[PDB]
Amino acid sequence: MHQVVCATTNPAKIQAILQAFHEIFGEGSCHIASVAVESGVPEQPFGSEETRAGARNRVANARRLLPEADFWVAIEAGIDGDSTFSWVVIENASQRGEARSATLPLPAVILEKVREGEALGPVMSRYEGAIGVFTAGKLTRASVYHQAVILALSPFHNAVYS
């Protein structure tokens, strides 16, 4: 089996990573474990680049802490000038794979409130993630993370990426 380390202790993300990894490498061919590391980025990353940078920082930290594993993966959430989304970064001994998730346009009021100091979690909590509430249940956070992990997994099963 492949030893896959997830730089997150969130069940939704853990679930998506496992599913995505099993779909590409085969059912039951992967063992997943979590490691809690620093993102070197603010709790609520702003902008595509900063959110992705955190994902990368988490992978580097996880990779150094557990050098025995085969894969290191992170999924970092962040907000835009009008939306929320996340970045998936994957690494193994040889290469890296990165992918940004689908975007969720956010209510004007919700946006200005997080732009005033509060984290999205609190503004939504005090008000599955936000995806579930706005897609009337038709989509789950795990469901969009999943597609993202599968995409960033591309380089690892296509020799063309060299």
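We number the residues from 1 along the sequence you see.
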{"item": "Residues with no coordinates between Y127 and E128, taken from the deposited sequence as a class", "value": "4 to 9"}
{"item": "139 to 147 or 21 to 29, whichever carries the higher mean Cα B-factor", "value": "21 to 29"}
{"item": "Average Cα temperature factor in the PDB entry - higher stretch of 49 to 57, 34 to 42", "value": "34 to 42"}
{"item": "Out of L104, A93, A62, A99, residue topping the C-alpha B-factor column of the entry", "value": "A93"}
